[PDB]
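Single chain ahead, written as structure tokens, the form solved without this ligand.
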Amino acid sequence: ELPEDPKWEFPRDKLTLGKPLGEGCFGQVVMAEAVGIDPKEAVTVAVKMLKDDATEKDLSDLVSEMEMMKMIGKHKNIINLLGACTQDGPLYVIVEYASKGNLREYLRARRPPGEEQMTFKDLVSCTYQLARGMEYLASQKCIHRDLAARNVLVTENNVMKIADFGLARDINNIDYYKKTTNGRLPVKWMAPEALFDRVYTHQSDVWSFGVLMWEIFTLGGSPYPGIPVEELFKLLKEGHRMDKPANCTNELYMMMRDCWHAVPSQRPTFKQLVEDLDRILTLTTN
């Protein structure tokens, strides 16, 4: 059913499945040891595979995620593809491992004891790292579409890496104007044009980057608290936007606000975000 891709295929006998990773609602991910995936040494990786009650769509979805990841070059702030077992057996998609888990829970875990608390600098660095990851993704003609703290993983050394490319697409693989377009994107992280106009550009991702930022500086807070998704867009159209997180600088809040500009082209680019964040990061250090 699946074609083999020599430059990615990995021997199953060379893979040892470990304990599960995550809640496992939308798939089955387990830790594992891959021998020679790097030449004869074992590497701790993560393997994405189907759940027992998976659908046909879950399969083609996973296959698509794998194919998208193949088109994304290696990058420090991106969970990259290491290989896959596609022949005679379940589909195993092997990607880089991040021991600290998703950013959302990571941020909630070190909230003020009222683990080591996150310093303001850490929050800036976190944001900075993810901005770099996105700048590279945009340079690769890739729109992630599902940016959110839950979709960011943290390594043992606190490196921030964008994950979950299930909804990600090449810039040209989006049907503009089709009523079904963007229908599977979480509403609270979604740019308005995504729904109203049925289009998706890199600027759409920066809108999402804005919500991710808010989540970061609230230390894992849930966006638009108390506001149900069925009522969110009317409000946004009326100009509504989330408030400045506590302890957040006005400068960083204004950055979030720029990301939430009604007009896509008036929002900053990931390149500009990377440059402003580098500046703020350096000033804090000094």
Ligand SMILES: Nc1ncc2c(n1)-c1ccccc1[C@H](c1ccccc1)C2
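For every residue, the number given is its place in the sequence shown, counted from 1.
Not on display, but discussed next: the form deposited with this ligand bound.
Visitor: So in the entry with it bound, is this ligand close enough to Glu96 to count as touching (4.5 Å, heavy atoms)?
Guide: Judged by the heavy-atom cut-off of 4.5 Å, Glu96 is in contact with this ligand in the entry with it bound.
Visitor: Hey, in the entry with it bound, is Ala163 touching this ligand, heavy atoms inside 4.5 Å?
Guide: Residue-level check for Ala163: yes, a contact with this ligand.
Visitor: So, in the entry with it bound, is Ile79 in contact with this ligand at a 4.5 angstroms heavy atom limit?
Guide: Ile79: yes, in contact with this ligand in the entry with it bound.
Visitor: Flag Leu21 as yes or no: does it have a non-hydrogen atom within 4.5 angstroms of any non-hydrogen atom of this ligand in the entry with it bound?
Guide: Judged by the heavy-atom cut-off of 4.5 Å, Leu21 is in contact with this ligand in the entry with it bound.
Visitor: Of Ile37, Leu219, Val29, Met242, which residue is found within 4.5 angstroms of this ligand in the entry with it bound when only non-hydrogen atoms are counted?
Guide: None of the others qualify; the residue that does is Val29.
Visitor: Just to confirm, with a 4.5 Å cut-off on non-hydrogen atoms, which of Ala191, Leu153, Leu212, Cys126 contacts this ligand in the entry with it bound?
Guide: If I apply the 4.5 Å criterion carefully, the residue I get is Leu153.
Visitor: Pick from 255 to 263, 44 to 52, 234 to 242, 221 to 229: which stretch has non-hydrogen atoms within 4.5 Å of this ligand in the entry with it bound?
Guide: That would be stretch 44 to 52.
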